[PDB]
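A lone chain, given as structure tokens: the form deposited in one PDB entry.
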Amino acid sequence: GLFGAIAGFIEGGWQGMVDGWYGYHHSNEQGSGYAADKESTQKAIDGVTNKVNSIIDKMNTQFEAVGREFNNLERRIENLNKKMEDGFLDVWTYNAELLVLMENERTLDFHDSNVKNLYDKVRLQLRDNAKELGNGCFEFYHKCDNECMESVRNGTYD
């Protein structure tokens, strides 16, 4: 993906995080586990929900076909009528398939972007205090207990 996080430098997702879309894994003497990042998950939920609503609403003004009949000596206009109705239905089928194709790609990149921004936020706080491992993880220099760990997730570390 464009932002290099999802299936990039972070090789795979986490089956064990059911809590949200993005978050943290921590590991220390006291133990290990997953915490969803509530802020960026909720922003992501709003964004994707508004998009889906915008997509539906912009699509509710499509062409509506009407039944129309012509006798045997009105072949030209029966054909005009047919090519017109088929013409609009092709335009709207195109509009809908392409909008879905393009916005799917933007949705996947949005999640990538969100993951990278969260990662960078953590990187900016840890500074020289931790080794950037290369895989989404940071290895601390001094011991880091649960409330040290809670501190990073909070935005209060230093």
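Throughout, rigid core stands for the largest set of C-alpha atoms superposing within 1.5 Å between the two forms. Only residues modelled in both forms are compared. The first residue of the shown sequence is 1; numbering continues from there.
Another form, the form deposited in another entry, is not on view; read the next lines as being about it.
- Superposition of the core reveals a Cα shift of less than 2 Å for residue 32 between this form and the one not shown.
- Put the two forms on the same core and the Cα of residue 49 is off by less than 2 Å between this form and the one not shown.
- Put the two forms on the same core and the Cα of residue 65 is off by 2 Å or more between this form and the one not shown.
- Comparing the conformations between this form and the one not shown, with the rigid core held fixed, yields only the displaced run 57-84, spanning 3+ consecutive residues whose C-alpha shift is 2 Å or more.
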